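[1] The data below comprise the sequence and an experimental structure of the protein.
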Amino acid sequence: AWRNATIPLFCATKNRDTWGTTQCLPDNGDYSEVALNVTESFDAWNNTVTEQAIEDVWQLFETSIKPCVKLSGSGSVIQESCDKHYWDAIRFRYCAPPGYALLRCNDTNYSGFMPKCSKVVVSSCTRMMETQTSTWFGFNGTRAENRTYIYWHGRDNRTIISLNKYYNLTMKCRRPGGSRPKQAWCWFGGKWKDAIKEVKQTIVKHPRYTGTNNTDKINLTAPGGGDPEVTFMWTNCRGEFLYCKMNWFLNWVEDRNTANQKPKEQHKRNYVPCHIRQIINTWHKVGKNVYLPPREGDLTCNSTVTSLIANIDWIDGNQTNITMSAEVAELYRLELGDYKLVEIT
Amino acid sequence: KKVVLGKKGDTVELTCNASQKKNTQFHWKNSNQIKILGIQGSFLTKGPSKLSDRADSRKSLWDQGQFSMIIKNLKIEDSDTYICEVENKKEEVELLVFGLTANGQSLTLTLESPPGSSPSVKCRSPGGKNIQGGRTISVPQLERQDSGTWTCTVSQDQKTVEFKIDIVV
Amino acid sequence: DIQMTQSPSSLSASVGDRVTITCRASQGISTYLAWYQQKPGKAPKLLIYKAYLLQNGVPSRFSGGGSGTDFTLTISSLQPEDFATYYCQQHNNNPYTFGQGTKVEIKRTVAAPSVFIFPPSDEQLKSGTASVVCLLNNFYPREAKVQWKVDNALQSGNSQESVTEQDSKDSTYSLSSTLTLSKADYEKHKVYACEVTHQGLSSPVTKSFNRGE
Amino acid sequence: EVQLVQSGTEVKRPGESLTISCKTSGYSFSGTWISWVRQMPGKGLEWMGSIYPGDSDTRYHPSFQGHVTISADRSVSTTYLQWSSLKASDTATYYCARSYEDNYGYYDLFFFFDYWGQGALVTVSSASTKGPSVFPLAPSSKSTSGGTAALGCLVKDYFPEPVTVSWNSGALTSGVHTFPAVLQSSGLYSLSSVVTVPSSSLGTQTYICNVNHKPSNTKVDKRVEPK
Ligand SMILES: *[C@@H]1O[C@H](CO)[C@@H](O[C@@H]2O[C@H](CO)[C@@H](O[C@@H]3O[C@H](CO[C@H]4O[C@H](CO)[C@@H](O)[C@H](O[C@H]5O[C@H](CO)[C@@H](O)[C@H](O)[C@@H]5O)[C@@H]4O)[C@@H](O)[C@H](O[C@H]4O[C@H](CO)[C@@H](O)[C@H](O)[C@@H]4O[C@H]4O[C@H](CO)[C@@H](O)[C@H](O)[C@@H]4O)[C@@H]3O)[C@H](O)[C@H]2NC(C)=O)[C@H](O)[C@H]1NC(C)=O
Ligand SMILES: *[C@@H]1O[C@H](CO)[C@@H](O[C@@H]2O[C@H](CO)[C@@H](O[C@@H]3O[C@H](CO[C@H]4O[C@H](CO[C@H]5O[C@H](CO)[C@@H](O)[C@H](O)[C@@H]5O)[C@@H](O)[C@H](O[C@H]5O[C@H](CO)[C@@H](O)[C@H](O)[C@@H]5O)[C@@H]4O)[C@@H](O)[C@H](O[C@H]4O[C@H](CO)[C@@H](O)[C@H](O)[C@@H]4O)[C@@H]3O)[C@H](O)[C@H]2NC(C)=O)[C@H](O)[C@H]1NC(C)=O
Ligand SMILES: *[C@@H]1O[C@H](CO)[C@@H](O[C@@H]2O[C@H](CO)[C@@H](O[C@@H]3O[C@H](CO[C@H]4O[C@H](CO[C@H]5O[C@H](CO)[C@@H](O)[C@H](O)[C@@H]5O)[C@@H](O)[C@H](O[C@H]5O[C@H](CO)[C@@H](O)[C@H](O)[C@@H]5O)[C@@H]4O)[C@@H](O)[C@H](O[C@H]4O[C@H](CO)[C@@H](O)[C@H](O)[C@@H]4O)[C@@H]3O)[C@H](O)[C@H]2NC(C)=O)[C@H](O)[C@H]1NC(C)=O
Ligand SMILES: *[C@@H]1O[C@H](CO)[C@@H](O[C@@H]2O[C@H](CO)[C@@H](O[C@@H]3O[C@H](CO[C@H]4O[C@H](CO[C@H]5O[C@H](CO)[C@@H](O)[C@H](O)[C@@H]5O)[C@@H](O)[C@H](O[C@H]5O[C@H](CO)[C@@H](O)[C@H](O)[C@@H]5O)[C@@H]4O)[C@@H](O)[C@H](O[C@H]4O[C@H](CO)[C@@H](O)[C@H](O)[C@@H]4O)[C@@H]3O)[C@H](O)[C@H]2NC(C)=O)[C@H](O)[C@H]1NC(C)=O
Ligand SMILES: *[C@@H]1O[C@H](CO)[C@@H](O[C@@H]2O[C@H](CO)[C@@H](O[C@@H]3O[C@H](CO[C@H]4O[C@H](CO)[C@@H](O)[C@H](O)[C@@H]4O)[C@@H](O)[C@H](O[C@H]4O[C@H](CO)[C@@H](O)[C@H](O)[C@@H]4O[C@H]4O[C@H](CO)[C@@H](O)[C@H](O)[C@@H]4O)[C@@H]3O)[C@H](O)[C@H]2NC(C)=O)[C@H](O)[C@H]1NC(C)=O
Ligand SMILES: *[C@@H]1O[C@H](CO)[C@@H](O[C@@H]2O[C@H](CO)[C@@H](O[C@@H]3O[C@H](CO[C@H]4O[C@H](CO)[C@@H](O)[C@H](O)[C@@H]4O)[C@@H](O)[C@H](O[C@H]4O[C@H](CO)[C@@H](O)[C@H](O)[C@@H]4O[C@H]4O[C@H](CO)[C@@H](O)[C@H](O)[C@@H]4O)[C@@H]3O)[C@H](O)[C@H]2NC(C)=O)[C@H](O)[C@H]1NC(C)=O
Ligand SMILES: *[C@@H]1O[C@H](CO)[C@@H](O[C@@H]2O[C@H](CO)[C@@H](O[C@@H]3O[C@H](CO[C@H]4O[C@H](CO)[C@@H](O)[C@H](O)[C@@H]4O)[C@@H](O)[C@H](O[C@H]4O[C@H](CO)[C@@H](O)[C@H](O)[C@@H]4O)[C@@H]3O)[C@H](O)[C@H]2NC(C)=O)[C@H](O)[C@H]1NC(C)=O
Ligand SMILES: *[C@@H]1O[C@H](CO)[C@@H](O[C@@H]2O[C@H](CO)[C@@H](O[C@@H]3O[C@H](CO)[C@@H](O)[C@H](O)[C@@H]3O)[C@H](O)[C@H]2NC(C)=O)[C@H](O)[C@H]1NC(C)=O
Ligand SMILES: *[C@@H]1O[C@H](CO)[C@@H](O[C@@H]2O[C@H](CO)[C@@H](O)[C@H](O)[C@H]2NC(C)=O)[C@H](O)[C@H]1NC(C)=O
Ligand SMILES: *[C@@H]1O[C@H](CO)[C@@H](O)[C@H](O)[C@H]1NC(C)=O
Ligand SMILES: *[C@@H]1O[C@H](CO)[C@@H](O)[C@H](O)[C@H]1NC(C)=O
């Protein structure tokens, strides 16, 4: 017997354990779950498990790539020791403290908001979750399956879309070595054109979607302006923060008619130019961080592309925009949004 | 409905009570429902609206719970009903932008207004001669006594905004 | 409580025709409308949901459209199996409500009814009641008026009608009209007449018999 | 495959209690709404109510609240529809109807029905089981034209339904028209079965009705001859 609960969870790792305020324990290796004969409500956003995950990823973010100067929007200028030694993005799992348990909605119908799940399973700890931080797309995620599915905010049109494992989507980024210390390429591999078609078909079928059913009027949409982490895709490779201009990729994946575009942006390519920045806007707190000049050598990173962060925007039945999002936190609501913490009592 | 008045070519800062759970997205939209500004995490997004090039927010106040929309170089066409939205909790504000131009001889202070407004004018001259009207104020034969700064007040129902114009001849 | 009004109540068409049904909601239901097909003596079958989504297996000739309050169902090229009744249903407002149906029947050339009449058998008279049966066979359209006259006296409230389903091969209808009386009142009168009105008849036809001849 | 199998035909009297059932298979019974739908004779479809078996949450159309009870038993994957005191006006066909399963959680937006039971006929009447009287509808001068003549039988005063009518042990199928039964003021049912045949055959070929009424276990074969 139980009741919904809000209490700090304990984290568990396989290798390294300390970062900022966070300290994890060793992973026990048990990923088993037990089926229950009960109906429960689940919600990926109104969720202490994902709320805590967002905070710990933030703690990880500032200790894995060490900033030299922290500039808060308040006006404080804080200097710190910095070098080019960076921690790779880790995986960790959460574990319920004694007297508590973790429920999970084990249902393909789960879309991030489910007032009645009757395929509940219980366990003491969660799956391992990916902690990398990015905008537009999610990389190296743990939730990809042989299907496309959407976590759709129950009270908003915020979404995060899980891309189909079948299409083998990847991204290879490379900043070649020298003897261009601040500019690179990112190559998009896999069957991207079919994966996006399936995203749009999935949206059309969804009960929450009341927009056009003409998939030629459903379009991935770059934000018109704002911070660079919003107008460019934001990612990191070898401890360097990358900002990628995505016009050519959007032209290519949707096979757009580009005649109405400036000549430099008319190209349709599955690779995009990226540049390295030393000043970034922080994603969880208002501020700016300053980092050291980029390292030397050949920088290469190969990732799976597992999710697409977006708002589904329409005001009538004639056009729908899948507007690419810089809401980094949605990544972790996909990673653990099917869990609920309850007090065994 | 709240109403805010601005001067052409000037700057105005509309305000919104940004008080709610963390990771709630706020939006500034116009009356045609297209987005101008938004918050995603601690990032600023700008919408398809081409007013967004002159739109910004004050990030220092996002912690205190305020989502401002600052608009620079105001144009008469920026007059509209703007909406601060968060998970279907809307709060509107009507912005109206006016301009007060000019040109023995005659003086003509003309007032520029957006479609749908009903503004009034109440100008004073250096000598203390008041004068009122609707779109235009006129002094057919200038006295030369009034060369200087004219303190004018433009009105729209309850609210007002003050202009100052320097005149020679 | 949302009311669904389907138009038209009945409709005739031929194999290969393009047919479209309408459904209107007393208030806005966005895009959350379903269409069902029902054939006599069988359970409804789901065709379309959310106004335009086809259930698995439904042939592609079925399409749906509309949003707000006005919706339509279209069959691009009617097939033999498509002649049935069709219901709409709003499926986002508790309590859930259906339209009152639209029947799609086969079309044919107008055909006037063959009128027959049967006096009551002597077995039935021996039992205490009399049933006069008037039979209208193989007509089209289905609308028909059948009035009884006993010695040129119009009867009211003592007869019942029954109609067949449209026939599969020749696409006609048949109708029976049964006048029921006591053996007493049946032997108090002489002429029993069945008057039939129908589109394929320029003037009403009458079939009559004299009691005991 | 998903299957909704309902209980059989029911014949009751006003005032009695009644429970009809619907046993499901082929899906998780607890995780989807299942509803009951009434179809009065010759009329459309009325949603009566529904239950979510996984937690016994119920919904009733305002017109049926307080007159029926919907329930479910997860151990046998069955939903029940119960009246405490039947009325004659409750005579109709009743359908088990499952809500669309793959709704992404939004059962309040996708509350339509993809799987249905075969239906259950429920008759409520004060009448008592009674077999039919069969009377011939003999061909005459007023049942003939163009060499074709009409003849038939009148299957009168039976309760309850149904009645089956054959012609010459099924050898005669062409031209037959067995009409749907009507309900009379007496509370009993009647119907007629007619067939057109060539006049030339009236003298030679014999024509016999085959009327079966299983509820009273009455079978009848009435020969219909001219004059
Ligand atoms: C999505 O997931 C993918 C898959 O995980 C991620 O991709 C990975 O990103 C990591 C980034 O750390 C890549 O690892 C790095 O590769 C560097 C280059 O490697 C090659 O060159 C070096 C020489 O320069 C060789 O030694 C390497 O040989 C290795 O491979 C062979 C074959 O498997 C092994 O047998 C060897 O043992 C090596 O493992 C390659 O040929 C490499 O320099 C770099 O190494 C440092 O970091 C690791 C990780 O801790 C240390 O173990 C190592 O000792 C090095 O340590 C230096 O730096 C740290 C601090 O930075 C200091 O503390 C140390 O003292 C030392 O100075 C690392 O191994 C990986 O290749 C890459 N994978 C792929 C498939 O691309 C994506 O990033 C991820 N996406 C997102 C968005 O997160
Ligand atoms: C995710 O995004 C979607 C899409 O933006 C968004 O959908 C809106 O949801 C709200 C409900 O919260 C809907 O508001 C309802 O509107 C009902 C009437 O709808 C008619 O009028 C709408 C208003 O538009 C008028 O004004 C605008 C200018 O402002 C003008 O452009 C329009 O032309 C029009 O003049 C109109 O949008 C709508 O048209 C759309 O929808 C119809 C189908 O209904 C479709 O046929 C059209 O093609 C078009 O897509 C239609 O003309 C109104 O009756 C209703 O009022 C009652 O219900 C609400 C909700 O419970 C109550 O709050 C209220 O008190 C009343 O009880 C309500 O105002 C709005 O229509 C949606 N917009 C669209 C485009 O669908 C979702 O909310 C977003 N989700 C989240 C979680 O944020
Ligand atoms: C989901 O997909 C479905 C299709 O699968 C789509 O369906 C449509 O629904 C919208 C409503 O949301 C309908 O719009 C209304 O149309 C009314 C009549 O329009 C006529 O003309 C249409 C175009 O025909 C011309 O163009 C085509 C090429 O496009 C060409 O081939 C033709 O020859 C012709 O030149 C025609 O498609 C439409 O079809 C009706 O009749 C056909 C013929 O039998 C039938 O097959 C269709 O199913 C349909 O019944 C029709 O002939 C129009 O009156 C109506 O306008 C009133 O309402 C709107 C608001 O709703 C007001 O703004 C306006 O002032 C009027 O009051 C409205 O425009 C559209 O016609 C449907 N089309 C089809 C093919 O079904 C859904 O919209 C999709 N949903 C979303 C959310 O995208
Ligand atoms: C996951 O969990 C769920 C939830 O627990 C679980 O589902 C339960 O499973 C059990 C069986 O394992 C089910 O128990 C059965 O319930 C049957 C229905 O009981 C109700 O209806 C009875 C019949 O009603 C008629 O007759 C009555 C009396 O005349 C009349 O009032 C009615 O109107 C109608 O005409 C009724 O008798 C019964 O009332 C009894 O019980 C209630 C409740 O305790 C009590 O208040 C009454 O006073 C009375 O004691 C009730 O209204 C029932 O018929 C069936 O009985 C048979 O089996 C039991 C043993 O289980 C025998 O002891 C008994 O003699 C019979 O042989 C049995 O009780 C239960 O209903 C399920 N619950 C739900 C919600 O579905 C799943 O199995 C779990 N899953 C897994 C995998 O484990
Ligand atoms: C939003 O997202 C959608 C995808 O969800 C995206 O749709 C893409 O739209 C473009 C057009 O805007 C599509 O490209 C067109 O496809 C048609 C049809 O193609 C097939 O059928 C033809 C026969 O009709 C076959 O020949 C062909 O092989 C295919 O099998 C083509 O006919 C189009 O060609 C014309 O336009 C191209 C411009 O992109 C030219 O390169 C081409 O030479 C053709 O030009 C000629 O015809 C034009 C009019 O037809 C005329 O204007 C020109 O002057 C010239 O004479 C075109 O290739 C594409 O397939 C869609 N992609 C998908 C995945 O569906 C939207 O573009 C996007 N919207 C926005 C705003 O971004
Ligand atoms: C891992 O993930 C991959 C990627 O998603 C997935 O591959 C996809 O599998 C599905 C299911 O097998 C495929 O969907 C089928 O696609 C065909 C192709 O037709 C479409 O495309 C053409 C254009 O090329 C269009 O013209 C056409 O209209 C379709 O859009 C469809 O024909 C299939 O439809 C059937 O099902 C419908 C209902 O769901 C029926 O209405 C339809 O008539 C089809 O059914 C008929 O045949 C049945 C079998 O006899 C019969 O029972 C029915 O009654 C009916 O007669 C279906 O949509 C999709 O194309 C694949 N995508 C790719 C990129 O390969 C893998 O399946 C998945 N693997 C696992 C293990 O999960
Ligand atoms: C999905 O994403 C697309 C692309 O980002 C968005 O499209 C933009 O939408 C905006 C607004 O809908 C468009 O801006 C509008 O352009 C119209 C056409 O412009 C011409 O006419 C003007 C005046 O003569 C010229 O100056 C100009 O050079 C063009 O020749 C304007 O008429 C519009 O102004 C009017 O409408 C808007 C609201 O629509 C009002 O706010 C204004 O006050 C005025 O009344 C407006 O400027 C823009 O062009 C679109 N871009 C593209 C690339 O298509 C979609 O909006 C977006 N959809 C959703 C749901 O988010
Ligand atoms: C949580 O949900 C998943 C997905 O449904 C469950 O995994 C699935 O479990 C079923 C039942 O074990 C597996 O199918 C079965 O396969 C066996 C062997 O062929 C067959 O005999 C059964 O009839 C059935 O077909 C299914 O393959 C498996 N799918 C995956 C993706 O693993 C999982 O069991 C559920 N977890 C709990 C604790 O309930
Ligand atoms: C988020 O989920 C919690 C449950 O974990 C919801 O909490 C309940 O809120 C209602 C109304 O505010 C109260 O009556 C209950 O007592 C609360 N239960 C608990 C266990 O706290 C909360 O409402 C949800 N928030 C949203 C926005 O849906
Ligand atoms: C994806 O890769 C797997 C092997 O890893 C292969 O079997 C499958 O065919 C690939 N999918 C596509 C669409 O090429
Ligand atoms: C990454 O991809 C590149 C290009 O496909 C390849 O050369 C390299 O071996 C891959 N692995 C790593 C660790 O870079």
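    Sure, I can see it. Numbering: from 1, shown residues only, chains lettered A, B, ... in the order given. Ligands and ions are numbered 1, 2, ... in the order given.

[2] Count the neighbours of residue A:69 for me.
    15 (other Cβ atoms under 10 Å in any protein chain shown). All C-beta spots, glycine's among them, are computed from the backbone N, C-alpha and C.

[3] Ok, residue A:178 next?
    Close neighbours of residue A:178, defined as other Cβ under 10 Å, add up to 9.

[4] List the contacts of the residue of chain D found nearest ligand 10.
    Proximity of chain D to ligand 10 (Cβ to the nearest ligand atom) peaks at residue D:102, 24.0 Å away. Residues near residue D:102 by Cβ atoms under 8 Å, 6 or more residues apart in numbering or on different chains: A:108-109.

[5] That one is in what secondary structure piece?
    Using DSSP states H and E, residue D:102 is not contained in any helix or strand.

[6] Distance of it relative to residue D:210?
    Distance, residue D:102 to residue D:210, by Cβ to Cβ, to the nearest Å: 49 Å.

[7] Same check on residue A:62?
    91 Å.

[8] who are the neighbours in contact with the closest residue to residue A:120 other than its chain neighbours?
    Nearest non-adjacent residue to residue A:120, counting by Cβ to Cβ, 6 or more residues apart in numbering or on different chains: residue A:36, 4.6 Å away. Neighbour list for residue A:36: A:103, A:120-122 [criterion: Cβ under 8 Å, 6+ apart].

[9] Over to residue C:195?
    C:146-149, C:204-206 are the contacts of residue C:195 under Cβ under 8 Å, 6+ apart.

[10] Looking at the contacts of residue A:36, which are in helices?
    Under the assignment DSSP state H, those contribute nothing to helices.

[11] can I get those in CSV with neighbour count and distance to ligand 4?
    As requested, those are exported to CSV (neighbours: other Cβ atoms under 10 Å in any protein chain shown; distance: Cβ to the nearest ligand atom, whole Å):
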residue, neighbour count, distance to ligand 4
A:103, 25, 16
A:120, 21, 12
A:121, 17, 14
A:122, 18, 15
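
[12] and stretch D:58-77, how far from the chain's centre?
    Relative to the chain's own centre, stretch D:58-77 is displaced by 22 Å; criterion: Cα atoms, centre = their mean, to the nearest Å.

[13] Can you get me the start-to-end distance on it?
    16 Å (Cα to Cα, to the nearest Å).

[14] Outside of that stretch itself, list whatever touches it.
    With Cβ under 8 Å, 6+ apart as the criterion, stretch D:58-77 contacts C:1, C:94-96, D:23-25, D:29-30, D:34, D:36, D:46-54, D:56, D:78-84.

[15] contacting residues for the closest residue to residue B:129 other than its chain neighbours?
    Excluding the flanking residues, the one nearest residue B:129 by Cβ to Cβ, 6+ apart is residue B:146, at 6.8 Å. Shown in contact with residue B:146 (Cβ under 8 Å, 6+ apart): B:125-127, B:129, B:139, B:167.

[16] of the residues you listed, buried ones?
    With burial judged by 16 or more other Cβ atoms under 10 Å in any protein chain shown, the buried subset of those is B:125, B:139, B:167.

[17] excluding its backbone neighbours, what's nearest the first one?
    Okay, so that is residue B:125. residue B:146 (4.1 Å).

[18] How much space separates the one you found from residue B:105?
    Distance, residue B:146 to residue B:105, by Cβ to Cβ: 12 Å.

[19] Likewise for residue C:44?
    86 Å.

[20] out of these two, which sits in the busier spot?
    Higher neighbour count among residue C:44 and residue B:105: residue C:44, with 25 against 9, using other Cβ under 10 Å.

[21] any idea what sits nearest the more buried one, other than its immediate chain neighbours?
    Using Cβ to Cβ, 6+ apart and skipping the chain neighbours, the partner closest in space to residue C:44 is residue C:36 (4.1 Å).

[22] and that neighbour, bridged to which residues?
    In this entry, residue C:36 is beta-bridged to residue C:46, residue C:87, by DSSP bridges.

[23] tell me the contacts of it?
    C:44-47, C:86-89, C:98, D:45, D:113.

[24] Give the buried subset of the residues you listed as a PyMOL selection command.
    Buried residues among those (16+ other Cβ under 10 Å), as a PyMOL selection:
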select buried, (chain C and resi 44+45+46+47+86+87+88+89+98) or (chain D and resi 45+113)
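
[25] In a markdown table, list the contacts of residue C:36 along with distance to ligand 5.
    Shown next, in a markdown table, are those (distance: Cβ to the nearest ligand atom, whole Å):
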| residue | distance to ligand 5 |
| --- | --- |
| C:44 | 35 |
| C:45 | 32 |
| C:46 | 28 |
| C:47 | 27 |
| C:86 | 32 |
| C:87 | 34 |
| C:88 | 30 |
| C:89 | 31 |
| C:98 | 36 |
| D:45 | 38 |
| D:113 | 33 |
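
[26] what about residue D:116, how many neighbours?
    With other Cβ under 10 Å as criterion, residue D:116 counts 22.

[27] ok, it - contacts?
    C:43-45, D:4, D:37, D:95-98.

[28] Likewise for residue A:272?
    By Cβ under 8 Å, 6+ apart, the neighbours of residue A:272 are A:185-186, A:188, A:233, A:244-249.

[29] Quick one, which of these are buried?
    Buried among these (16+ other Cβ under 10 Å): A:186, A:188, A:233, A:244-249.
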